[PDB]
Amino acid sequence: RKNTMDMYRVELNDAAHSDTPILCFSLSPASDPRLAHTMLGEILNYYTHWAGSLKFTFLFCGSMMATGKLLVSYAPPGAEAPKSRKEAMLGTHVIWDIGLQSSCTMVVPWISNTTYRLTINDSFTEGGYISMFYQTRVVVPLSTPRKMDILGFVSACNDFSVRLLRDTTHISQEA
Amino acid sequence: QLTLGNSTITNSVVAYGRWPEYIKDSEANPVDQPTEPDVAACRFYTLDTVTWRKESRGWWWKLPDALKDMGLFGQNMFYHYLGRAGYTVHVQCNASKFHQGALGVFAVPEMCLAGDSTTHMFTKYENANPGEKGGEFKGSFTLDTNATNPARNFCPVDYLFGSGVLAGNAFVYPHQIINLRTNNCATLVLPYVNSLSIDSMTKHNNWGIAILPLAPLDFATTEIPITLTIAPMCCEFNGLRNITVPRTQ
Amino acid sequence: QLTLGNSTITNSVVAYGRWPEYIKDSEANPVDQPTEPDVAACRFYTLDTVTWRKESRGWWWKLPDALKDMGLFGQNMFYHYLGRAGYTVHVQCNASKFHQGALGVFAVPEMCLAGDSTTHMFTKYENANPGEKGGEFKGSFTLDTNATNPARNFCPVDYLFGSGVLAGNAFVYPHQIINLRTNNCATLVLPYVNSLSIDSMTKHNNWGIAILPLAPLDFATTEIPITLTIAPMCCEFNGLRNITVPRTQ
Amino acid sequence: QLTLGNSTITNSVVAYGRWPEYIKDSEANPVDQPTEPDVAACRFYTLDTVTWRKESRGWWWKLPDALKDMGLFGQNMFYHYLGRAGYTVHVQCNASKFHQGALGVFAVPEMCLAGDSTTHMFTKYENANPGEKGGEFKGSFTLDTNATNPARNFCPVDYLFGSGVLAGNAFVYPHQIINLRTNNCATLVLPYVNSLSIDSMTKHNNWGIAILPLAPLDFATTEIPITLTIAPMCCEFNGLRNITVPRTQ
Amino acid sequence: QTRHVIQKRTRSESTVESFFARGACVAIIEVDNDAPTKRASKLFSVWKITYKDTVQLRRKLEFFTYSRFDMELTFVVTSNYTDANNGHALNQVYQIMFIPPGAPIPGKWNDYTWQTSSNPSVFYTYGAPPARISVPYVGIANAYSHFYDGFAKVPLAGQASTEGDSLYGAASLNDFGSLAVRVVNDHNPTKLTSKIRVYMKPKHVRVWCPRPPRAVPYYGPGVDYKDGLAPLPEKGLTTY
Ligand SMILES: CCCCCCCCCCCCC/C=C/[C@H](O)[C@H](N)CO
């Protein structure tokens, strides 16, 4: 999927409920590969320091007849990354009813020991974990696609700021 | 959108029209300074999901028993002699427009359940407090005839509401109906209900949650999950000492 | 219900929060009296419908190129040295409640597209200005190796947004999502965007329209049409002379 | 008589003349609602008693590491990403009027200790965080020569104050002397000292407690116990998630 | 739930002014001080003024569609001997003449054009601090165009294939002239080689219509791409 349009689509299906995650990624907006090449990541890679809250929106692109509930969780760092919904539900989280609203926004509030995090993978300024789980399950009637896609979007909130302009690693020139 | 602590959920019944509240100074029995963990414990915890099938008879949980292993709420519960909490119970069950079925979700104060033996009141603590997994109602009553190793478990019959009363009258309790054609969730706000301002959480379950299939699940072809998300509310704890470690199994 | 001239259409995005407007006297470069055909040209024209399939990679059009053969707007465009117009773009794509899929509709100022050859900037005018039929994005980049008769065409790769940028970031442009479960149309109001108050419409395409399948079309069994209806807005023309007749094919 | 929560203790030094305090709104880095367990965690916990002998070189503990297994304070510490607390440290050491000896009790912010190997900064997490048992100073430095299984432990020399500084100058730190002929206890009130308003309690030890025999214990004939009782103060916690379970041994 | 935080962080260093408030190398112009008859030494060099010879400033600028700014040019001049067996040299003086579009381009290192009666010229003495000049916004349009989705010519029906053909995306909107660089000194017995590094700093910057940044290696002055079309690495869907 990488370096194709498929890399933007995360597949849900109508299988029986499980507690295993749908998707997982770390809150390193400048260095986590899923976030580094987003517009936010691109901007952050010109700066050394970043702080502020983030917005993660998820758009459900299944049929109108599909129903389901999902759990979207942010776990601040320092503990084992949530392996299942039982751990993930202990952190910050939102329950998303795809039948009601095709889009769900979870705000990852700024929580950090330091006043700024580095824009590199750094243990001391690690930002935590983001995971998605099935809350109940995706349910479809007959004559309906049993597999659909969700899309993820990330942006910075109004409290976001960056510091220490620097050159990015995302462009290079040979010879 | 209902938010408690770090948890958010996105039809609603306040049991007895009484929102959960803290103990008033005029009703406080204990004299020591109460512990009020607030957001750290007053937050939504999601129980293990159960499966609604055509043959399902029903499910039951006890509060605060179902939350005894829920992070800091469980820690505060087992570290204190006395505990008090209301609850927000959010039952989640979605299906298609082509599914049918209805669930009655009842919050029952002092939800005592019938035993399985000729010996009265013989259900042992381990079985009476199953934790988050809860228990299930049965279609009929089966007397436990094992004399050597009695099961000493509940035998809650569905149409007797597990306690020798007709299930149809359980609507006198605070309740909500999840009718698959109309809604996919039920929200019950339960104040702390007891004959005391505060009690032992480990000894005593203030609330029972009973989910009965009023109309059996059906689909033209089926099983759908039911997920309980419960937030303790207005938590107060008193009597700090070494942690209680209840006997299990 | 949006009406322009004799045309009526019965979710909406104003690009950069700027409604289309006429040139202010303080920004007017040309001195001759502008031509303002108003309703005769400022009206909705419906382009040829395209087909969205499971395998579709995307579509692109250029404005004002896509409207160059649209009645009096096209006549005024080719009869004048200078032209200026905003647009109302209405993408129409309906499906059943049992279909699924999502389209990203992006309006891109100065939507330059990558070529198909090792020679830089080698896409010829005829291919860069396909007219109402527009063009399609490709899954991958195929270098054109024909040296005798080079295609000299765009090779716009979908995930590179046809210009060497990740498609996921194309949302920085004014955009709308058509999610089949939610909506069947997208309306984008584009002001005239350029580094000049007015420019040559035949030389320069002020806007590009890119429609990408963000979620592939699916149906339980499939193809559904997509129809573009574009109305030029606040049209102004200057520099009347004999009609321009661009070389074709 | 000093009372905190349910704990009471019946000469006193406030480190830097700054009483422990909660984070001001103008200094709060995290935005989530903090957890303030108050009495349930802000109470005196008594560590395991150590034995002062004629040959004792000294003892050291790290805060909050020494309290990581102290009931609800430990639970809140391991359940939260961020934690902040001051402390009240009460060192208790009584003897007869016929005993002699003196202890220097020093509270050291960022009490970094020297390693035991030629590899710099090589002390592993398990040894750097011994918990309530703490560690002991040594008379001399012994380089660890085991290459296969290096101890990777501190080697804190007493006269170097465990960090390469003369012990006689450790009085620049907040301190109290327990002179057996004069007093049997020392009370140090430590505000939260750090370069941040709040930090990770599991990663970072804000305070070190070093108890050195300034005058060796003597008795005309001997060993006497030393007991540490530490109450965390003005506790705040942020970033609730699943419990941290640090690797041990 | 959230607490009350009196936020103090500002966005001062992320203003468009601050984001571009740096001198960026846009060209390395090589010249030689040598005997005219060597035929291998370039006694003068002409560089067309552009930000597209390098990538860093180009990518930053192309975050946006339109820009308007004054420019500061800083010239860092380095020189070295090319051999050790032909004596030494006296301190060199360099002429950097701005040739606006239409002005005669020098054909020889010492032709009449270097009189620079109307062209601005900077004479830089070697060892002096890097030369510096400023220019206002000189675009013939109301803003510079980083992307031009059009042609300079429209081919007309009846014209042969050779006629009416112009490069896609090429317009005189970015025709800013050239810099002609020479060493004013007459040659020493030994060859000397110098490089003038041109650093560009936009000032008083205004930008319009943001764009996704370049994600694959640049290929030519346009938006074309040929290589490095797989920038994303591999990562599991459920791997933190
Ligand atoms: C003493 C003569 C040398 C100093 C004069 C240098 C002349 C500079 C005039 C040309 C101005 C170029 C400004 C920058 C060009 C960039 O391509 C555009 N700004 C792109 O946005």
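Residues numbered from 1 in each chain as written, not as in the entry; some residues may be left out. Chains lettered and ligands numbered in written order. Part of a larger assembly, values for the part shown. Heavy atoms only, no water.

1. Quick word on the arrangement of the chains
Operational definition: In what follows, a contact means two residues having at least one pair of non-hydrogen atoms within 4.5 Å.
Highest in contacts among the nine pairs of chains that touch are chains C and E. Regarding chain C and chain D, which are not in contact, the minimum distance between any of their C-alpha atoms is 28 Å.

2. Details of the nonpolar core
Applicable threshold: Throughout this description, the term nonpolar core refers to a set of buried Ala, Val, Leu, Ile, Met, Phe, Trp, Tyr and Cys residues connected via side-chain atoms within 4.5 Å. Only protein chains enter the calculation, and the probe is 1.4 Å; a residue is then buried if its accessible area is under 20% of its type maximum, exposed if over 50%, and partly exposed in between.
Ranked by internal contacts, the top residues of the largest apolar core, which has 129 residues, are C:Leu63, C:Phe73, C:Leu190, C:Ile209, C:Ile211 and C:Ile226. Ignoring anything within four residues of it in the chain, the contact list for C:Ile209 reads C:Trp59, C:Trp60, C:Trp61, C:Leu63, C:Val89, C:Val105, C:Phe106, C:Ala107, C:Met111, C:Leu190 and C:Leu228. Grouped together as the second largest cluster of nonpolar side chains are 50 residues, B:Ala66, B:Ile226, B:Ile230 and B:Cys235 included.

3. Quick notes on the pattern of salt bridges
Two side chains that carry opposite charge are able to pair once their charged atoms sit near each other. This is how it is decided: Take a side-chain nitrogen of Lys or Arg and a carboxyl oxygen of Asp or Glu: if they are within 4 Å of each other, that pair is a salt bridge. Numbering of helices and strands runs from the N terminus; a helix is a DSSP stretch of H or I covering at least four residues, while a strand is a stretch of E covering at least two.
In this structure the tally under the stated criterion is 37 salt bridges over all chains. When the shortest N-O distance is used, the salt bridge between B:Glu21 and B:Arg18 registers 3.1 Å. For B:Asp218, the salt bridge is made with B:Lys54, and the minimal N-O distance between the two is 3.5 Å. You can see B:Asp218 sitting in strand β12 (residues 207–219) and its partner B:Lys54 sitting in the loop between β5 (50–53) and β6 (59–63), a full 164 residues away along the chain. Overall, B:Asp218 belongs to the partly exposed group, its relative accessible area being 29%. What makes B:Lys54 partly exposed here is its relative accessible area of 40%. Here the salt bridges share partners, and the residues they tie into one network are D:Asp25, D:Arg84, D:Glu236 and E:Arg3.

4. With respect to the interface of chain D and chain A
Inclusion rule: Throughout, buried area stands for the accessible area (probe radius 1.4 Å) lost by two parts on being put together, summed over both. What qualifies as a polar contact is a pair of N or O atoms within 3.5 Å, subject to a donor-acceptor requirement within protein and to the restriction that residues adjacent in sequence count only when both atoms come from side chains. Nonpolar residues are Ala, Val, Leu, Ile, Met, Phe, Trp, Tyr, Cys and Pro. Charged residues are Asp, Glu, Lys and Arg, and all others, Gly as well, are polar.
With 18 residues of chain D at the interface, the matching set in chain A holds 21 residues. In total, chain D and chain A occlude about 1,600 Å² of area from one another, counting both sides; carbon and sulfur atoms represent 57% of this. Among the residues chain D hides against chain A, the three largest losses belong to D:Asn29, D:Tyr81 and D:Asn242. Together they make up 39% of the total. At the boundary of chain D with chain A, the tally comes to one salt bridge. Here A:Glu126 makes a salt bridge to D:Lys203, at a shortest N to O gap of 2.9 Å. Connecting chain D to chain A are twelve residue pairs in polar contact. Take the side of chain D that touches chain A: its biggest share by element is three residues, from strand β13 (residues 223–240) of chain D. Here the side of chain D that touches chain A is built from residues that sort into eight nonpolar, six polar and four charged.

5. Points about the sheet that holds strand β10 (residues 147–156) of chain A
Residues and elements named next belong to chain A. This is how the line gets drawn: Two strands pair under a simple rule: DSSP has to find at least two bridges between them. In this description, a line fitted to the C-alpha atoms serves as the axis of each element, helices being fitted only across the stretch in contact, and the angle between N-to-C directions of two axes falls anywhere from 0 to 180 degrees.
One open sheet holds the four strands; their spatial order is β1-β10-β4-β7, and the pairing between them is antiparallel. The open sheet terminates on both sides in strands that have one partner only, identified here as β1 (9–13) and β7 (103–108). For this sheet, the mean inter-axis angle between neighbouring strands, taken without regard to orientation, is 25°. Looking at chain direction, strand β4 (residues 54–60) and β7 are connected through six bridges and run antiparallel. Across the sheet, residue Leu54 finds its bridge partner in β7, namely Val108.

6. A closer look at a nonpolar patch on the surface
Residue and element names in this part refer to chain C. Where we set the bar: Each patch is assembled from residues with relative accessible area greater than 30% and no salt bridge, linking like charges that lie within 9 Å and nonpolar side chains (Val, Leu, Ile, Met, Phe, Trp, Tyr) that lie within 5 Å. Using the Shrake-Rupley algorithm and a 1.4 Å probe, accessible areas are obtained, with residue cover drawn only from the displayed protein chains.
A surface patch of nonpolar side chains, amounting to about 360 Å² of accessible area, comprises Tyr79, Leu240, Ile243 and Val245. Of note, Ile243 is situated in the segment after β13 (223–240). Since its relative accessible area comes to 31%, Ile243 is described here as partly exposed.

7. Focus: the environment of C:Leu214
Mapped onto the elements of the fold, C:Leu214 is located in strand β12 (residues 207–219). Setting aside residues up to four positions removed in sequence, C:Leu214 forms contacts with A:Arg9, A:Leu151, C:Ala102, C:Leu103, C:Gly104, C:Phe171 and C:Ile177.

8. Details of the state of the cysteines
Stated formally: Two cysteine sulfur atoms form a disulfide, by the criterion used here, when they sit within 2.5 Å.
Scanning the model with the defined rule gives zero disulfides over all chains in all. No disulfide involves B:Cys234; its sulfur sits 6.9 Å from that of B:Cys42, the nearest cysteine.

9. Comments concerning the interface of chain C and chain E
Interfaces are often described in size by the accessible area the parts lose on coming together. Opposite the 50 residues of chain C that make contact, chain E presents 47 residues. In total, about 4,000 Å² of surface goes out of reach between chain C and chain E, with carbon and sulfur atoms giving 61% of it. Of all residues in chain C, C:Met121, C:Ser195 and C:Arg247 bury the most surface against chain E, accounting for 21% of the area lost on that side. The interface formed by chain C and chain E includes two salt bridges. As a salt-bridge pair, C:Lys62 and E:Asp149 come within 3.1 Å of each other at their nearest N and O atoms. Put simply, chain C and chain E have 27 residue pairs in polar contact between them.

10. A word on helix α1 (residues 71–79) of chain D
In terms of residue burial, α1(D) counts as a mostly covered element, since nine of its nine residues are buried. Taken as a whole, α1(D) has its buried residues at D:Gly71, D:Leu72, D:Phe73, D:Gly74, D:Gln75, D:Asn76, D:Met77, D:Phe78 and D:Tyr79. Of the surrounding secondary structure, the elements contacted by the buried residues of α1(D) are α1 (71–79), β7 (80–92) and β13 (223–240) of chain B together with β4 (45–46), β7 (80–92) and β13 of chain D.

11. Observations concerning the pairing of β7(D)
Residue and element names in this part refer to chain D. Counting buried residues in β7 gives twelve out of 13 residues, a clear majority hidden from the surface. Relative to strand β11 (residues 185–190), β7 is paired through six bridges, and the arrangement is antiparallel. Each bridged residue has a counterpart across the sheet, and for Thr88 the counterpart in β11 is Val189.

12. Some remarks on the side chain of B:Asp158
Its place among the elements puts B:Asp158 in the loop between β9 (135–136) and β10 (175–179). Beyond its immediate chain neighbours, meaning those up to four positions away, B:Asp158 contacts B:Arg57, B:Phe137, B:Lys138, B:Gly139, B:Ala167 and B:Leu212.

13. Here's the deal with the packing of aromatic side chains
Rule in force here: Pairing of aromatic rings covers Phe, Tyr and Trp, the last through its six-membered ring, and needs centres within 6.5 Å; plane angles under 30 degrees mean stacked, over 60 mean edge-to-face, and all others mean tilted. Throughout this description, the term charge over a ring refers to an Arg CZ or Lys NZ atom that lies within 6 Å of the ring centre and within 35 degrees of the ring normal.
All chains considered together, the criterion is met by 43 aromatic pairs over all chains. With centroids separated by 5.6 Å and ring planes inclined at 70°, the aromatic side chains of C:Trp60 and C:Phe154 adopt a geometry described as edge-to-face. In this pair, C:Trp60 is assigned in strand β6 (residues 59–63) and C:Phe154 in the loop between β9 (135–136) and β10 (175–179), connecting sequence segments 94 residues apart. For the residue pair C:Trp60 and C:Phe154, the accessibility class agrees, reading buried in each case. Relative to D:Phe161, the ring of D:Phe106 has its centre 5.6 Å away and its plane inclined at 80°; by these criteria the two rings are edge-to-face. Here the residue D:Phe106 occupies a position in strand β8 (residues 99–109), and D:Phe161 occupies one in the loop between β9 (135–136) and β10 (175–179), the gap between them amounting to 55 residues. Taken as a pair, D:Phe106 and D:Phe161 share a single burial class, namely buried. Its end group placed over the ring of B:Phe122, B:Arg152 keeps NZ or CZ at 4.0 Å from the ring centre.

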